[PDB]
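In C-alpha cells, the next block holds one chain alone, the form deposited in one PDB entry.
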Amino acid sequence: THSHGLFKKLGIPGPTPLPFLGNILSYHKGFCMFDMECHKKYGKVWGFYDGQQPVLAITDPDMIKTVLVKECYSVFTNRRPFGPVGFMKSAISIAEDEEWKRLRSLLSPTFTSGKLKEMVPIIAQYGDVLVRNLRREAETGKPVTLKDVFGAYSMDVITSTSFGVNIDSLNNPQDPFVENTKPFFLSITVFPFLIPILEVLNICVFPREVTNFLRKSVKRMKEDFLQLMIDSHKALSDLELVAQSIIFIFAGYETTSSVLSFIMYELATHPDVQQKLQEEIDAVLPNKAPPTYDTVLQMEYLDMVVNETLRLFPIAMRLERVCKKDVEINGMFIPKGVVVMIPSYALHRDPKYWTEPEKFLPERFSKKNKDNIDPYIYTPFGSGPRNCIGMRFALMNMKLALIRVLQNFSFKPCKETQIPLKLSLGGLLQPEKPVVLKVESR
C-alpha cells in the first residue's frame, strides 16, 4: 500500500484504493464510465491506482499538449509497460526511448502522401470484392454482420498494402492468419511483477505457432512496407521487420472493421445523414465513378461523418505516457514512475465542450463549426511524436470502403439491431452484440 499514499500527499483527489487491488474494482463498468464519473467527481485532475501503479488523469488542454507534444522526447516518451511480449518488445508501439526513435524515423516514410497515393489504385480492387460479397448477402433477405464482411475486407487490404499477398477473404484456405487475430490481463495490474517471470517462459499473448505463421513468410519474400524495410540509424533487422508487420496487421484489421461497423450503425439509425452522404458521393463520383486519392479528399461530409463517429467511439479510449523523471508541468508536480493518462472517451463526451455529446451530429465538424473544437480535446489518433502513424492510411482505407458501399447499398435497422448500441462493458472498445443491419441494393 506504501504507494497508495502518493496522491494523498500531493493533495490530488481521487477514489480511495483498496489494498493490493487499488481501484481496479471500479472497472466493473468499464474504463469509460469510471473515467467519466471521476471527471464529474474530481474535476480537471485526479489520481487512481492500477494495483500499485499510480495513474494521474489530466484533462487540461494545455497540460495535455505539454505531455504529448512539448515534453514528449524528454519525459513522456513511452507508454505503460505491456507484457509478456517476447520478441514483440521490438514493436514500434511497444518499443521505448532510443529504440523507438530509430524505429519511428525509419518507418515514418511508409505513410507519406506519396506512398498512400500509390496504394489507392490497389485498394480499389477489394472494394469491388466487398460489394460483390455484399451483393450476395444482400440479394438474399438475410441480415448482414458488418464486422464479418468488413473484417474480410480489412484483411484483404492489409496483406497487400504492406506485402503483396492477394486473397479473396472468402477463399478460406492456406494463408488466412485468423489464428493471429484470434481475462488474464486482469492480473497484469495486480501482478506486474510477474511480467519478468512470464518473459522467460516464451509465453506471449499469441502462441509461437502463429508468430511463426508469418516469421517464415517474411523470409520467402527475399524472392510496399515489406519492401521499404529491407531497403532501409542501423538498418532494420530481419526480426524487427517481422514485428512491425504484426503491429500493422492488428492495427489495420481490428481498427478498420470496428470503426466502419460503428459508422454504418450511425448511418442506419440516422437516415438523413446516410442520404446526404449518398448525395455527396453521387456528386463527386457521377455514374458510380471509381474513387481516387484526390476525390476521397474532396468529400467534406464524408470526413464529417468519419470524424463525428470517431468522437463517439474513440477505439483507444485512453492515451498514456510514463513519466520517466520528476517534472512540474503547467504548475503541477509529477513524480517519477507515475503513469499520465488522458481520458479520450470522457473528453469526447464532455458536455462542457460538446452540446448534446451523446447525439450523433456530423455538423460539429462543418468548416463553419469545426473551429470551435480543441485539437487537444478531440484526439482520436493521439497527438505529438507518438500519435497514430497510420492515421492517414486508416482514414483513406475506411473512406474508400464507405464510398463504394454507399454507392450501391442503403442500410436499415433490422429487428435484431441493438438500438441504442451498447458498448462492450469490457476492455477494448467494441459493441456488446455484433452490429447487424438490413442491406438494400440501389
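Sequential numbering from 1, following the sequence displayed. For clarity, a rigid core is taken as the largest C-alpha set superposing within 1.5 Å between two forms.
Novice: Is residue 79 without coordinates in at least a third of the other compared PDB entries of this protein that model the residues flanking it?
Specialist: No: coordinates for residue 79 present in every compared entry.
Novice: Taking only the other compared entries that model residues on either side of residue 233, decide whether it is unmodelled in at least a third of them.
Specialist: Yes: coordinates for residue 233 absent from at least a third of the compared entries.
Novice: Quick one: classify how much of the deposited chain lacks coordinates between residue 223 and residue 224, choosing none, 1 to 3, 4 to 9, or 10 or more.
Specialist: The entry leaves 10 or more residues without coordinates here.
Novice: According to the entry, how many residues of the deposited sequence fall between residue 307 and residue 308 and are not modelled? Options: none, 1 to 3, 4 to 9, 10 or more.
Specialist: Per the record, no deposited residues are absent between residue 307 and residue 308.
Novice: Taking only the CA atoms, which stretch has the higher mean B-factor in the record, 292-300 or 214-222?
Specialist: Between 214-222 and 292-300, it is 214-222 that shows the higher mean C-alpha B-factor.
Novice: Could you check the entry and say whether 276-284 or 160-168 has the higher mean CA B-factor?
Specialist: Taking the mean C-alpha B-factor of 276-284 and of 160-168, the larger value falls to 160-168.
Novice: Using only the C-alpha B-factors in the record, can you name which of 176, 86, 196, 335 has the highest?
Specialist: Among 176, 86, 196, 335, the highest C-alpha B-factor in the entry belongs to 176.
Novice: In this PDB entry, which of 416, 50, 37, 62 has the top CA B-factor?
Specialist: In this record, 416 carries the highest C-alpha B-factor of the candidates.
Novice: Would you check the entry's CA temperature factor for residue 94 and let me know if it's in the chain's lowest, middle or highest third?
Specialist: Ranked within chain, residue 94 CA B lands in the lowest tercile.
Novice: Going by the recorded CA B-factors, say which third of the chain residue 266 sits in, lowest, middle or highest.
Specialist: Lowest third, going by the recorded CA B-factors of the chain.
Novice: When the deposited Cα B-factors of this chain's modelled residues are ordered and cut into thirds, is residue 314 in the lowest, the middle or the highest one?
Specialist: As the PDB entry reports it, the C-alpha B-factor of residue 314 lands in the lowest third of its chain.
Novice: What third of its chain's C-alpha B-factors does residue 246 belong to: lowest, middle or highest?
Specialist: Tercile = lowest for this residue's CA B-factor.
Novice: Lowest, middle or highest third: which one holds residue 350 when the chain's residues are ordered by CA B-factor from the entry?
Specialist: Within its chain, residue 350 is a middle-third residue by C-alpha B-factor, going by the deposited values.
One more form of this protein should be noted, the form deposited in another entry, which is absent from this view; the next part is about it.
Novice: Report the residue, chosen from 112, 105, 369, 172, for which the CA moves 2 Å or more between the shown form and the other one after the rigid core is overlaid.
Specialist: Comparing the C-alpha positions, the one residue that moves 2 Å or more is 172.
Novice: Once you compare with this form, do the C-alpha atoms of residue 130 and residue 176 lie closer or farther in the other form, given a change of 3 Å or more?
Specialist: Compared with the form shown here, the C-alpha atoms of residue 130 and residue 176 sit farther apart in the other form, by 3 Å or more.
Novice: Residue 176 and residue 400: their C-alpha distance differs by 3 angstroms or more in the other form. Do they come closer or move farther apart compared with the shown form?
Specialist: Distance between the C-alphas of residue 176 and residue 400: longer in the other form, by 3 Å or more.
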